[PDB]
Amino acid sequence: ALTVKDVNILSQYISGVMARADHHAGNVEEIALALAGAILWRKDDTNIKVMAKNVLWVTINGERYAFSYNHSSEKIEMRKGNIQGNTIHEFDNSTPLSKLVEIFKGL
C-alpha cells in the first residue's frame, strides 16, 4: 500500500485521483478536491495510506475512516472503522459544500 509521507507524494496522489475521475468517474471529480481539503484539514498525525478497488485510510479525532469509489452508484463512500460495514456518508458532485464542511467539522 502507498504511504502518503510528504507533500510531493500527496500532490501526485491527488493528481492520480483527478485523472481517474475525469476519465471514468466524472460525477465525483469536483467533490474530490473539496474532500482532499477536508481530509487534510482534519487528519491526525498518522500518515494517509492507500491500500489494495483501492481504499484510502485516514485517522481523524481517534477514529479510522475508509474512503473508496463505488462505480455502480458513482459515489465516494466514507466508512468508519472497518471497510466491512455500512457507509456513514456518500459524496459526489451533488453534495453541497455546506454539508461537507458540516460533516468534517463534527468528526
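Throughout, we count residues from 1 along the sequence that is shown.
- Unmodelled deposited residues between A52 and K53: 4 to 9, per the record.
- Here 36-44 and 59-67 are compared by their mean Cα B-factor, and 59-67 comes out higher.
- In this entry, 75-83 shows the higher mean Cα temperature factor of the pair 26-34 and 75-83.
- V4: CA B factor in the highest third of modelled residues in this chain (values from the PDB entry).
- For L107, the recorded CA temperature factor ranks within the highest third of the chain's modelled residues.
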